[PDB]
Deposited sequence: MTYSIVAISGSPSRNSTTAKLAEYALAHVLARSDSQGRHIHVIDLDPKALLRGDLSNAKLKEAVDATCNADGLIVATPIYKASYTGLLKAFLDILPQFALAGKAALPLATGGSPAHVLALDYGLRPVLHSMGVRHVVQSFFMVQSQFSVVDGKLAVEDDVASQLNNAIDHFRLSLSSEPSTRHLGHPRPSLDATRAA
């Protein structure tokens, strides 16, 4: 059984990004032998999050869940041509090579199609510094497009991205450290 964790980083209530992540999570679970959690970073304790205070039980649980995941869905709205500070604050408290062995699917929504590359240029290098095993294609959606109530061509791309994410999940213990630069120094 794969353990899939979704992490969404909008600081606003009624997040369309969160709906996108939830959609992706349900899609993967309907087609694989998986369990899931959805970490809404906005629902973590702000003081504990910014201070990396792992005596906060809910924050510690979120971190542990991410560390135990076989795949991560990482979703953010685009703020100022990049990922949210809220999402990055969460990534900052994971251990150094937290993503070793893991697959990942980067998702975003934005107000403008001008900022599609924020995922590939901004978020992707961050995940690769955490030793991630396999980050599949990014998917970005413009605000308006969404309502699976979305345009056909857009829906095909999203579904293909989520399919690829699911196909890239690994059971095998041999892959657990892949992505780490020095796999015998743990992972």
Which parts of the deposited sequence have no C-alpha atoms in the model? 1, 149-153, 194-197
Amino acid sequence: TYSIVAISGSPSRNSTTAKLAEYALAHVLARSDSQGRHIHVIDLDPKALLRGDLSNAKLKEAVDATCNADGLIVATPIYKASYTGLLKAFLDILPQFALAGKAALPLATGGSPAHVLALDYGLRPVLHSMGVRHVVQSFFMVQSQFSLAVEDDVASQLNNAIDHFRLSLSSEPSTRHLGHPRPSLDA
From here on, numbers count along this sequence of modelled residues.
Mean B factor on CA atoms, stretches 49-57 and 25-33, record says higher is 49-57
Once you work out the mean C-alpha B-factor for both 3-11 and 178-186 from the entry, which is higher? 178-186
Highest Cα B-factor in the deposition, which of 160, 144, 138, 129? 144
Which one of 39, 118, 154, 63 shows the biggest C-alpha B-factor in the PDB entry? 154
Among the modelled residues of its chain, the C-alpha B-factor of residue 113 falls in the third labelled highest
Ordered by C-alpha B-factor within the chain, which third holds residue 90? Give me lowest, middle or highest, please. lowest
